[PDB]
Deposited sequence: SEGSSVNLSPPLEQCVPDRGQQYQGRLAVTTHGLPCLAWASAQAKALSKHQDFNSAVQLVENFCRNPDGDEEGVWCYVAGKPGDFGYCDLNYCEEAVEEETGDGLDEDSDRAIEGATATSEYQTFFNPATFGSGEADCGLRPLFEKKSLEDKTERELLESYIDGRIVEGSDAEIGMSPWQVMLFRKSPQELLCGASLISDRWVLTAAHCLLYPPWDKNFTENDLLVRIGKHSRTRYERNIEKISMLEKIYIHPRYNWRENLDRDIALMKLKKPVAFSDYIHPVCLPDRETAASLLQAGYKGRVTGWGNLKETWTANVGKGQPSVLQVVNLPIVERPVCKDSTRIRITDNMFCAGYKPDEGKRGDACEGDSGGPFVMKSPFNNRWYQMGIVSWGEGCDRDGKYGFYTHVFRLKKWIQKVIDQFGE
């Protein structure tokens, strides 16, 4: 019954997006005059105004919608549930002229991989939890997470969220950091700033940290806070590209194949932050950047740990709580990075964005993270729309 291949074989008549936007006809005005620069697969049939997946979009079928030239949304199909959790060789997916620079060299930290030095806990990521001792969260080493980004409210100045650097110019965070009506949150570009290269939360880091304005915010078109933070994803463009350093460097983004390889080889991923998730919940506390390694949870155990429906776009991490052992629920910075290291190409990849399940009033077992592995075609279409 379920729709396979992310809807690439689909031949039905669904012609509205998840958010009620009527699809435009594939042959239409700005669907033929400003929508042919993109390379489509001819085996897919672009019929009338029906949702289709002609570009191998891991997210699924989509269609053009009214708005600016190239505007589009995704459609609601019942995709088959997919268990993603099943020199330096890397090749660049995005156009550097719209992505900015940084992709070719992503996930190789100047102070670690580039000097053939291992950070203090990375070997832990590839080791089965022997039961026994756990390596607890501690202060990060200098340069350990040079893709770490802080999102601030401009006025009053206040740390709002974490985020992550994916190029010199683009940053990923959770949509609920920008738009969350339950907490009366509706931030536009001019309400915010970001600081990059930071280690200390409270000390100005002369010659190291960088501040930046945001030029543009793209909330994911599937974002729906109503149904358990569905597609809790946002992409933000820096008004001025940030200069790379020993302290500022982008993380890599994985496709489905790379995600599979990361979860097949690793036992654990890594969460870095200033405990902002725990703090903002209490609003709606470490002064130095923290790092903790957390085991990936088996999907059935994740499904059984919570009341809500856990979709295949979401995963749990943390140690299982016991009579003498608390878990790692609500770890990290809201919208912050959950990363994994590839033992195959030595590079770091973001695997999730810190989210929540029922939230910190009833999440007590594991933390919840939104998968990033489906995002590449979305990011591609967004950056090509924005232009250079």
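**Q** Unmodelled stretches of the deposited sequence, numbered from 1?
**A** In sequence order, the gaps with no modelled C-alpha are 1-13, 100-118, 317-320.
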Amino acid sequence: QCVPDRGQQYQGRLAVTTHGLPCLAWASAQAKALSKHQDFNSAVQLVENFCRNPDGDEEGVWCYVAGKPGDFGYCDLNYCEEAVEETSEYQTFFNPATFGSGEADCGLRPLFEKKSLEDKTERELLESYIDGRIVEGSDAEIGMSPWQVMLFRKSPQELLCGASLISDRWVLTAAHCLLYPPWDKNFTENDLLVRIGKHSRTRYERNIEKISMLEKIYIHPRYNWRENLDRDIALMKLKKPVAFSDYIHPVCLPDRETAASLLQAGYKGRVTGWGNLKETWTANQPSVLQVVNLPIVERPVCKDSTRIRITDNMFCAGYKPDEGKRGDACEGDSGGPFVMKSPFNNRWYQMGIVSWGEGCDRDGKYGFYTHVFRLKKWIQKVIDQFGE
From here on, numbers count along this sequence of modelled residues.
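**Q** Taking the recorded C-alpha temperature factors, which stretch has the higher mean, 28-36 or 331-339?
**A** Comparing 28-36 with 331-339, the higher average CA B-factor belongs to 28-36.
**Q** If you average the CA temperature factors over each stretch, which comes out higher, 358-366 or 37-45?
**A** Of 37-45 and 358-366, the stretch with the higher C-alpha B-factor average is 37-45.
**Q** Per the coordinate record, which of the options 257, 76, 209, 89 holds the highest CA temperature factor?
**A** Answer for 257, 76, 209, 89: 89, with the highest C-alpha B-factor.
**Q** Per the entry's Cα B factor values, which of 282, 264, 224, 276 stands out as the maximum?
**A** Across 282, 264, 224, 276, the entry lists the biggest C-alpha B-factor for 282.
**Q** Quick check on the deposited entry: does the C-alpha B-factor of residue 153 sit in the lowest, middle or highest third of its chain?
**A** Middle third.
**Q** Is residue 98 in the lowest, middle or highest third of its chain when residues are ranked by C-alpha B-factor?
**A** Middle third - that is where residue 98 ends up once the chain's C-alpha B-factors are sorted.
**Q** What third of its chain, lowest, middle or highest, does the C-alpha temperature factor of residue 232 fall into?
**A** Its C-alpha B-factor, which the entry lists for residue 232, ranks in the lowest third among residues of this chain.
**Q** Within this chain, which third does the Cα B-factor at residue 324 fall in: lowest, middle or highest?
**A** Its C-alpha B-factor, which the entry lists for residue 324, ranks in the middle third among residues of this chain.
**Q** Would you mind ranking residue 244 by its C-alpha B-factor against the rest of the chain and naming the third, lowest, middle or highest?
**A** Middle third - that is where residue 244 ends up once the chain's C-alpha B-factors are sorted.
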